[PDB]
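K.L.:
Sharing model.cif here; it has mmCIF, C-alpha atoms and all ligand atoms.
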```cif
data_final
#
loop_
_atom_site.label_atom_id
_atom_site.label_comp_id
_atom_site.auth_asym_id
_atom_site.auth_seq_id
_atom_site.Cartn_x
_atom_site.Cartn_y
_atom_site.Cartn_z
CA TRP A 128 28.83 -76.37 -11.85
CA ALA A 129 29.00 -78.11 -15.24
CA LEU A 130 28.77 -81.40 -17.14
CA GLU A 131 32.52 -82.03 -17.00
CA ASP A 132 32.46 -82.58 -13.26
CA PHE A 133 30.51 -85.81 -13.66
CA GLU A 134 31.28 -89.28 -14.96
CA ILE A 135 28.23 -90.76 -16.69
CA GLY A 136 27.07 -94.34 -16.17
CA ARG A 137 24.17 -96.42 -17.47
CA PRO A 138 20.85 -94.73 -18.31
CA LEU A 139 18.27 -95.10 -15.52
CA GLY A 140 14.99 -94.30 -17.21
CA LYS A 141 13.22 -91.82 -19.46
CA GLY A 142 11.21 -88.75 -18.47
CA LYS A 143 8.68 -86.29 -19.93
CA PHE A 144 11.48 -84.04 -21.16
CA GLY A 145 14.57 -86.21 -21.12
CA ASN A 146 16.58 -89.15 -19.84
CA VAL A 147 18.14 -89.64 -16.40
CA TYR A 148 21.44 -91.45 -15.84
CA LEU A 149 23.46 -92.72 -12.92
CA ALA A 150 26.57 -90.56 -12.57
CA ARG A 151 29.66 -89.97 -10.45
CA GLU A 152 31.03 -86.65 -9.26
CA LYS A 153 34.68 -86.61 -10.41
CA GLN A 154 35.94 -84.31 -7.65
CA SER A 155 34.48 -86.59 -4.97
CA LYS A 156 33.97 -90.06 -6.51
CA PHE A 157 30.34 -89.53 -5.38
CA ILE A 158 27.45 -91.45 -6.98
CA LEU A 159 24.15 -89.84 -7.90
CA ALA A 160 21.61 -89.36 -10.69
CA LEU A 161 21.95 -86.89 -13.51
CA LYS A 162 18.60 -85.90 -14.93
CA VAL A 163 18.57 -84.31 -18.34
CA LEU A 164 15.63 -82.09 -19.25
CA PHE A 165 15.53 -80.75 -22.83
CA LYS A 166 14.64 -77.05 -22.84
CA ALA A 167 12.71 -77.29 -26.12
CA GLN A 168 10.53 -80.20 -24.88
CA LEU A 169 9.89 -78.04 -21.82
CA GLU A 170 9.01 -74.93 -23.79
CA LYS A 171 6.40 -77.15 -25.49
CA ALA A 172 4.49 -78.18 -22.35
CA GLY A 173 4.37 -74.68 -20.89
CA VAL A 174 6.55 -75.71 -17.97
CA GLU A 175 9.83 -73.95 -18.75
CA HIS A 176 9.04 -71.37 -16.03
CA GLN A 177 7.20 -73.62 -13.59
CA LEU A 178 10.07 -76.12 -13.55
CA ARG A 179 12.32 -73.21 -12.59
CA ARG A 180 9.95 -72.62 -9.67
CA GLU A 181 9.93 -76.21 -8.32
CA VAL A 182 13.64 -76.69 -8.69
CA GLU A 183 13.97 -73.49 -6.61
CA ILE A 184 11.84 -74.96 -3.86
CA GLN A 185 13.05 -78.57 -3.85
CA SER A 186 16.59 -77.14 -3.62
CA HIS A 187 15.96 -76.02 -0.03
CA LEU A 188 14.28 -79.28 0.90
CA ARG A 189 16.60 -81.45 2.98
CA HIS A 190 14.81 -84.48 4.45
CA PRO A 191 15.45 -88.26 4.58
CA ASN A 192 12.11 -88.94 2.88
CA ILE A 193 12.46 -86.50 -0.02
CA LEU A 194 14.64 -87.04 -3.09
CA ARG A 195 17.56 -84.75 -2.43
CA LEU A 196 18.25 -82.23 -5.19
CA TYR A 197 21.95 -81.44 -4.69
CA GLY A 198 22.21 -78.86 -7.48
CA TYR A 199 21.35 -77.96 -11.09
CA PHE A 200 22.71 -76.26 -14.21
CA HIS A 201 21.86 -75.42 -17.81
CA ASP A 202 23.44 -75.17 -21.22
CA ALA A 203 22.54 -74.94 -24.90
CA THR A 204 19.41 -77.06 -25.31
CA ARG A 205 19.07 -78.98 -22.02
CA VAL A 206 18.76 -78.73 -18.23
CA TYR A 207 20.50 -80.79 -15.52
CA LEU A 208 19.52 -81.85 -12.04
CA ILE A 209 22.10 -83.32 -9.64
CA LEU A 210 19.88 -85.84 -7.88
CA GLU A 211 20.34 -88.25 -4.98
CA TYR A 212 20.46 -91.86 -6.14
CA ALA A 213 17.78 -94.23 -4.89
CA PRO A 214 19.15 -97.80 -5.30
CA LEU A 215 15.99 -99.83 -4.55
CA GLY A 216 13.85 -98.29 -7.30
CA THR A 217 10.23 -97.22 -7.08
CA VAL A 218 7.49 -98.13 -4.67
CA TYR A 219 5.22 -98.80 -7.64
CA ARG A 220 7.62 -101.59 -8.71
CA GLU A 221 8.06 -103.19 -5.29
CA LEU A 222 4.25 -103.23 -5.30
CA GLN A 223 3.91 -104.47 -8.89
CA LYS A 224 6.11 -107.18 -7.39
CA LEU A 225 4.57 -108.17 -4.03
CA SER A 226 0.96 -107.56 -5.19
CA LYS A 227 0.22 -105.91 -1.78
CA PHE A 228 2.24 -104.68 1.22
CA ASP A 229 1.76 -105.96 4.76
CA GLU A 230 0.16 -103.90 7.49
CA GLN A 231 3.62 -102.87 8.81
CA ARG A 232 5.40 -101.92 5.60
CA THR A 233 2.26 -99.93 4.84
CA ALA A 234 2.07 -98.11 8.14
CA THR A 235 5.76 -97.28 7.99
CA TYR A 236 5.54 -95.92 4.48
CA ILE A 237 2.68 -93.62 5.38
CA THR A 238 4.71 -92.37 8.35
CA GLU A 239 7.71 -91.43 6.22
CA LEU A 240 5.42 -89.66 3.81
CA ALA A 241 3.60 -87.96 6.67
CA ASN A 242 6.89 -86.81 8.07
CA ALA A 243 8.29 -85.34 4.86
CA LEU A 244 4.99 -83.72 4.04
CA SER A 245 5.15 -82.16 7.48
CA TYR A 246 8.67 -80.86 7.00
CA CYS A 247 7.26 -79.00 3.97
CA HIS A 248 4.02 -77.91 5.59
CA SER A 249 6.39 -76.25 8.03
CA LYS A 250 8.17 -74.29 5.29
CA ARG A 251 5.17 -72.95 3.43
CA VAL A 252 5.59 -75.79 0.95
CA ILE A 253 2.90 -78.11 -0.33
CA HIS A 254 2.57 -81.09 -2.63
CA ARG A 255 0.04 -82.08 -5.36
CA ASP A 256 -1.38 -85.60 -5.73
CA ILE A 257 1.11 -88.43 -5.14
CA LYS A 258 1.51 -91.59 -7.21
CA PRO A 259 3.44 -94.78 -6.33
CA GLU A 260 5.29 -94.34 -9.63
CA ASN A 261 6.85 -91.21 -8.09
CA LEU A 262 8.20 -92.81 -4.96
CA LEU A 263 11.76 -94.12 -4.85
CA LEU A 264 13.48 -96.28 -2.21
CA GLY A 265 16.76 -95.44 -0.52
CA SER A 266 19.53 -97.76 0.62
CA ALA A 267 17.70 -98.44 3.90
CA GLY A 268 14.40 -99.29 2.22
CA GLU A 269 13.37 -95.68 2.88
CA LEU A 270 10.73 -94.07 0.68
CA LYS A 271 11.61 -90.85 -1.19
CA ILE A 272 9.22 -88.31 -2.73
CA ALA A 273 10.85 -87.90 -6.14
CA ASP A 274 8.31 -86.23 -8.35
CA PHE A 275 9.05 -82.52 -8.63
CA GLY A 276 5.55 -81.34 -7.75
CA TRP A 277 6.25 -78.84 -4.96
CA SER A 278 4.58 -75.48 -4.41
CA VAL A 279 4.88 -72.43 -2.15
CA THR A 288 -5.08 -85.03 -20.55
CA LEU A 289 -2.44 -86.87 -18.46
CA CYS A 290 -2.39 -90.68 -18.30
CA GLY A 291 -3.01 -92.84 -15.24
CA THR A 292 -3.53 -89.74 -13.11
CA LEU A 293 -7.28 -89.73 -12.37
CA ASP A 294 -7.07 -92.62 -9.91
CA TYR A 295 -4.83 -90.49 -7.63
CA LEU A 296 -6.71 -87.24 -7.90
CA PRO A 297 -9.03 -86.02 -5.10
CA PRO A 298 -12.59 -84.67 -5.56
CA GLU A 299 -11.85 -80.93 -5.87
CA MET A 300 -9.26 -81.65 -8.55
CA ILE A 301 -11.88 -83.06 -10.93
CA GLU A 302 -15.18 -81.56 -9.83
CA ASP A 307 -3.98 -76.26 -0.67
CA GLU A 308 -2.27 -78.62 1.83
CA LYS A 309 -5.25 -81.00 1.89
CA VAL A 310 -4.68 -82.84 -1.39
CA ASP A 311 -1.71 -84.67 0.11
CA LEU A 312 -3.98 -86.10 2.75
CA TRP A 313 -6.28 -87.53 0.13
CA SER A 314 -3.19 -89.02 -1.49
CA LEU A 315 -2.24 -90.79 1.74
CA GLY A 316 -5.74 -92.25 1.98
CA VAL A 317 -5.35 -93.47 -1.60
CA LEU A 318 -1.73 -94.57 -1.19
CA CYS A 319 -2.56 -96.35 2.03
CA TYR A 320 -5.47 -98.24 0.48
CA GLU A 321 -3.53 -99.35 -2.59
CA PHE A 322 -0.52 -100.26 -0.50
CA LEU A 323 -2.79 -102.65 1.42
CA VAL A 324 -5.10 -103.97 -1.28
CA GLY A 325 -3.07 -103.73 -4.46
CA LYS A 326 -5.18 -101.37 -6.53
CA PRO A 327 -6.38 -97.82 -5.87
CA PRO A 328 -9.75 -97.22 -4.17
CA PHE A 329 -11.71 -95.69 -7.10
CA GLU A 330 -10.29 -97.67 -10.00
CA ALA A 331 -13.07 -98.84 -12.29
CA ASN A 332 -13.56 -100.42 -15.70
CA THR A 333 -14.13 -97.18 -17.68
CA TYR A 334 -13.14 -93.52 -17.28
CA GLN A 335 -16.63 -92.18 -16.59
CA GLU A 336 -17.23 -94.80 -13.91
CA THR A 337 -13.91 -94.06 -12.18
CA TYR A 338 -14.81 -90.39 -12.08
CA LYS A 339 -18.15 -91.18 -10.39
CA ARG A 340 -16.56 -93.29 -7.68
CA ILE A 341 -13.99 -90.65 -6.81
CA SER A 342 -16.70 -87.99 -6.92
CA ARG A 343 -19.26 -89.78 -4.73
CA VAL A 344 -16.46 -91.31 -2.64
CA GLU A 345 -17.56 -94.90 -3.30
CA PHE A 346 -15.00 -97.51 -2.26
CA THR A 347 -15.06 -100.79 -0.33
CA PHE A 348 -12.62 -102.73 1.89
CA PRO A 349 -11.57 -106.25 1.00
CA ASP A 350 -12.18 -108.85 3.76
CA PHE A 351 -8.58 -108.79 5.01
CA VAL A 352 -8.29 -105.03 5.55
CA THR A 353 -7.73 -104.69 9.28
CA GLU A 354 -10.27 -102.42 11.02
CA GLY A 355 -7.70 -99.99 12.43
CA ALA A 356 -6.51 -99.58 8.84
CA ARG A 357 -10.13 -98.91 7.88
CA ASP A 358 -10.50 -96.05 10.35
CA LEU A 359 -7.61 -94.07 8.85
CA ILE A 360 -8.30 -94.50 5.15
CA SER A 361 -11.84 -93.34 5.89
CA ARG A 362 -10.81 -90.26 7.85
CA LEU A 363 -8.38 -89.34 5.06
CA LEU A 364 -10.70 -90.08 2.20
CA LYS A 365 -13.10 -87.25 2.97
CA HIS A 366 -14.77 -85.49 0.04
CA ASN A 367 -14.50 -82.43 2.27
CA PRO A 368 -10.79 -81.42 2.68
CA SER A 369 -11.88 -79.61 5.80
CA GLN A 370 -12.47 -82.90 7.60
CA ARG A 371 -9.32 -84.54 6.27
CA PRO A 372 -7.10 -84.87 9.40
CA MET A 373 -3.91 -82.92 10.07
CA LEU A 374 -0.64 -84.74 9.45
CA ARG A 375 -0.21 -84.64 13.22
CA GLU A 376 -3.31 -86.83 13.57
CA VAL A 377 -2.33 -89.32 10.91
CA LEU A 378 1.08 -89.57 12.55
CA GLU A 379 -0.55 -90.27 15.92
CA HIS A 380 -3.32 -92.58 14.67
CA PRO A 381 -3.69 -95.79 16.77
CA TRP A 382 -3.09 -98.11 13.78
CA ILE A 383 -0.12 -96.15 12.44
CA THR A 384 1.81 -96.09 15.68
CA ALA A 385 0.74 -99.70 16.14
CA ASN A 386 2.30 -101.22 12.97
CA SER A 387 4.67 -98.42 11.92
CA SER A 388 8.06 -97.43 13.36
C1 LIG B 1 11.91 -89.44 -14.44
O1 LIG B 1 12.70 -89.01 -13.34
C2 LIG B 1 13.30 -90.08 -12.55
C3 LIG B 1 14.35 -89.39 -11.54
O2 LIG B 1 14.38 -88.17 -11.43
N1 LIG B 1 15.19 -90.23 -10.77
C4 LIG B 1 16.14 -89.67 -9.79
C5 LIG B 1 16.81 -90.85 -9.15
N2 LIG B 1 17.70 -91.23 -8.26
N3 LIG B 1 17.82 -92.53 -8.19
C6 LIG B 1 16.95 -93.05 -9.11
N4 LIG B 1 16.89 -94.41 -9.23
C7 LIG B 1 16.11 -95.16 -10.09
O3 LIG B 1 15.35 -94.67 -10.91
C8 LIG B 1 16.23 -96.67 -9.99
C9 LIG B 1 15.43 -97.49 -10.87
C10 LIG B 1 15.50 -98.89 -10.82
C11 LIG B 1 16.37 -99.60 -9.90
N5 LIG B 1 16.41 -101.07 -9.91
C12 LIG B 1 15.06 -101.71 -10.18
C13 LIG B 1 14.35 -102.53 -9.06
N6 LIG B 1 15.28 -103.33 -8.24
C14 LIG B 1 14.57 -104.08 -7.20
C15 LIG B 1 16.31 -102.46 -7.65
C16 LIG B 1 17.11 -101.66 -8.72
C17 LIG B 1 17.16 -98.75 -9.03
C18 LIG B 1 17.09 -97.33 -9.08
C19 LIG B 1 16.30 -91.95 -9.73
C20 LIG B 1 15.27 -91.69 -10.77
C21 LIG B 1 12.24 -90.86 -11.73
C22 LIG B 1 11.90 -92.20 -12.05
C23 LIG B 1 10.94 -92.90 -11.27
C24 LIG B 1 10.32 -92.27 -10.16
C25 LIG B 1 10.65 -90.94 -9.84
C26 LIG B 1 11.60 -90.24 -10.61
#
```
Represent the structure of the file as structure tokens.
P.N.:
Amino acid sequence: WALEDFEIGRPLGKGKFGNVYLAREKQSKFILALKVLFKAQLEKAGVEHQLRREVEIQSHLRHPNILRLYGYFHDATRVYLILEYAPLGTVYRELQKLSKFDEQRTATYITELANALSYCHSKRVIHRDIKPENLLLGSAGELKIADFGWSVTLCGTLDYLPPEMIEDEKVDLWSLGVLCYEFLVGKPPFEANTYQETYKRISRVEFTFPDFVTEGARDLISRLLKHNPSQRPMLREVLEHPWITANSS
């Protein structure tokens, strides 16, 4: 595999170590995303080896709710990732657009996430925290885990981190509790006015439900948002929760 086998289109966005463009596979007239990661920039964040690890993993991850990594290849000073193309953009955007999602869009989104996360839990693969900014939408309005945080400082991250990460397969579940809450309200559960404050809310697990938050919705975010990972439900539970099955699909 090489750069010549692709026709490059318009740039799609910038990353921590490079740009990402929409491209077409010459031999198949196939559309996709070409992500360019500059080796040097990588060598600087002590990720040059880690990245190699994730790419390895994500390359064996085939699931409708996970950004498909078709292939990858390197050269002189940069690295390439043949990525699936999500046409509807990010979930963060669609949310920065509709202010808040309705009970059904919410429930469905959590399901897709729960499913993909399961597919990985079943392959000795786990995920870190999850942000809306890292969720893309497919042609069918389907969510796609697109960050590359798989496993077998930092801005705008604290609000999505769980207790243990500021004080294993349980972080994801905290993420769902946080993603579910935001999805419904419009802002994360422990967002405050200052850094210190935020920290204290996440740490003491201090959050409140706005008037309109259905009660079934309140049972799940609460069972997920446990300071003790041990009590955070299994994905099987989330997937079978009364309110999920009720408004999801
Ligand atoms: C930095 O890496 C990229 C990356 O690897 N990727 C891989 C991959 N595949 N497809 C992508 N599509 C888009 O980024 C995109 C953005 C806006 C867009 N429009 C705006 C809103 N409209 C309503 C519809 C059309 C349509 C598609 C990406 C990004 C990344 C960016 C954001 C989240 C996750 C990953």
K.L.:
Between A:227, A:137, A:187, A:201, which has the minimum distance to ligand LIG 1 (chain B) (counting all atoms listed in the file)?
P.N.:
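Under the stated criterion, the closest residue is A:137.
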K.L.:
Quick one: residues within 6 Å of ligand LIG 1 (chain B), with only C-alpha atoms and all ligand atoms, as a list in words?
P.N.:
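Counting only C-alpha atoms and all ligand atoms, the residues within 6 Å of ligand LIG 1 (chain B) come out as residues 139, 141, 142, 160, 162, 210, 211, 212, 213, 214, 215, 216, 217, 260, 261, 262, 263, 273 and 274 of chain A.
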K.L.:
Which residue gives the smallest distance to residue 378 in chain A among A:341, A:240, A:298, A:320, with only C-alpha atoms counted?
P.N.:
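Among the listed residues, the smallest separation from residue 378 in chain A belongs to A:240.
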K.L.:
My list of candidates is A:202, A:354, A:134, A:269. Which is closest to residue 243 in chain A when distances are computed with only C-alpha atoms?
P.N.:
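Selected residue with least distance to residue 243 in chain A: A:269.
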K.L.:
Using all atoms listed in the file, which residues sit within 12 Å of residue 179 in chain A once same-chain residues fewer than 3 positions away are excluded, as a ChimeraX atom specification?
P.N.:
/A:164,166,169-170,173-176,182-186,199-201,206-208,275-278
K.L.:
For CA of residue 329 in chain A and CA of residue 316 in chain A, determine how far apart the two atoms are, in Å to one decimal place.
P.N.:
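Value for the CA of residue 329 in chain A-CA of residue 316 in chain A distance: 11.4 Å.
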K.L.:
With distances taken over all atoms listed in the file, which of A:356, A:293, A:225, A:267 is nearest to residue 385 in chain A?
P.N.:
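Ranking A:356, A:293, A:225, A:267 by distance to residue 385 in chain A, first place goes to A:356.
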K.L.:
Would you mind telling me which residue in A:247, A:359, A:130, A:193 lies nearest to residue 308 in chain A when using all atoms listed in the file?
P.N.:
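Closest candidate: A:247.
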K.L.:
What is the distance between CA of residue 383 in chain A and CA of residue 238 in chain A, in Å to one decimal?
P.N.:
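Atom-to-atom, CA of residue 383 in chain A and CA of residue 238 in chain A are spaced 7.4 Å apart.
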K.L.:
Report as JSON, numbers by chain all protein, DNA and RNA residues lying within 10 Å of residue 388 in chain A, evaluated on all atoms listed in the file, omitting residues in the same chain fewer than 5 positions from it.
P.N.:
{"A": [231, 232, 234, 235, 236, 238, 239, 383]}
